[PDB]
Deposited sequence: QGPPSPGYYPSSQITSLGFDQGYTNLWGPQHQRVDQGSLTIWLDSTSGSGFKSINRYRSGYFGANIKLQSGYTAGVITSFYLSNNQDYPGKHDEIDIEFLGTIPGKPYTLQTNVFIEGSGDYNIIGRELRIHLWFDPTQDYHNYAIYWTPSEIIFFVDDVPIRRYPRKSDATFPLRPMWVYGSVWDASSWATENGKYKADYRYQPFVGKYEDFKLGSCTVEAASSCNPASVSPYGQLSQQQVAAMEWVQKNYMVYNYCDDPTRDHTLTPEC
């Protein structure tokens, strides 16, 4: 996995959970230890947190460590959304770790929604990768960079996907909050579905990173730097390309099913 030659996360000071975030649901399944967060899911409830701010723009990261063993049907997430502002008609930019059975790898799923998931059609913009490390064995850095021109997803400072702006209809242009959660995705598990005999399924988040612009920030605020000079460098592009070439397992654009008239950016 070659150096991208620029390490955005190393330029932003970490914050403790409570400086940027608050429990949103499952408060009983959440704990904070010196700024580090543990959340978990069992048959009674999952858990999730939200930013104290809405944002117009920024870089949003966390160190995240995933549950070991049988995790089929469980999703650990870190994402931006305004579903609470525009319920059912919302924008979202996701990092989702799809749980698995022991013996097989976690899949990192990236996704983008703009003005609603489908009501008659499943309308995803998914790009899934396998990882070149074991995400359960340590904390690794995951980030979402979102501006009015582009979304970039980073894993350990390696860009894995860039979703550029091609039309207003296909790009997120409204403010968003940040969220994370652990939850039951057995409806997609059509490996398998959630088996609660392996119960708490725990998600661990630490060293939160914010290089961002609240909705109300002074107009001079711009998102943090993610490259030398303000577009991805060719070295970063090359790292991304290697990732997609060696670890990408699904790209909605390449999927010959799926109605591309409903996602015209491909």
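Query raised in the report: Which parts of the deposited chain sequence are absent from the coordinates, listed in sequence order?
Result: Gaps vs deposited seq, in order: 1 to 2, 193 to 195.
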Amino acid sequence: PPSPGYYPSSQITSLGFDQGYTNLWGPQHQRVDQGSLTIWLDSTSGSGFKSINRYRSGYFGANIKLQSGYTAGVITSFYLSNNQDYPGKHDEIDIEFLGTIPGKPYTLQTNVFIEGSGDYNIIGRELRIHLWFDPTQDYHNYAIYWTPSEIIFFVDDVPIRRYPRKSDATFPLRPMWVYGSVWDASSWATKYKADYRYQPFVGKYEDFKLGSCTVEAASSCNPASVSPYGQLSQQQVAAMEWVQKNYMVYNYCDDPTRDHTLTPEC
From here on, numbers count along this sequence of modelled residues.
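Query raised in the report: Should the higher mean CA B-factor in the entry be assigned to 97 to 105 or to 127 to 135?
Result: Looking at the record's C-alpha B-factors, the answer is 97 to 105.
Query raised in the report: Which of the two stretches, 180 to 188 or 165 to 173, shows the higher mean Cα temperature factor in the record?
Result: According to the PDB entry, the answer is 180 to 188.
Requested in this report: Compare the C-alpha B factor of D157 with those of the other modelled residues in its chain, then answer lowest, middle or highest third.
Outcome: For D157, the deposited C-alpha B-factor lands in the middle third.
Query - Assigned third (lowest, middle, highest) for the C-alpha B factor of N121 - result: Highest third.
Report task. Relative to the other modelled residues of the same chain, rank the CA B-factor of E206 and answer lowest, middle or highest third. Result -> Ranked within chain, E206 CA B lands in the middle tercile.
Query raised in the report: Looking at the C-alpha B-factor of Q199, is it in the lowest, middle or highest third of its chain?
Result: Middle third - that is where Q199 ends up once the chain's C-alpha B-factors are sorted.
Query raised in the report: If you rank the chain by CA B-factor, which third does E150 end up in: lowest, middle or highest?
Result: CA B-factor rank for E150: lowest third.
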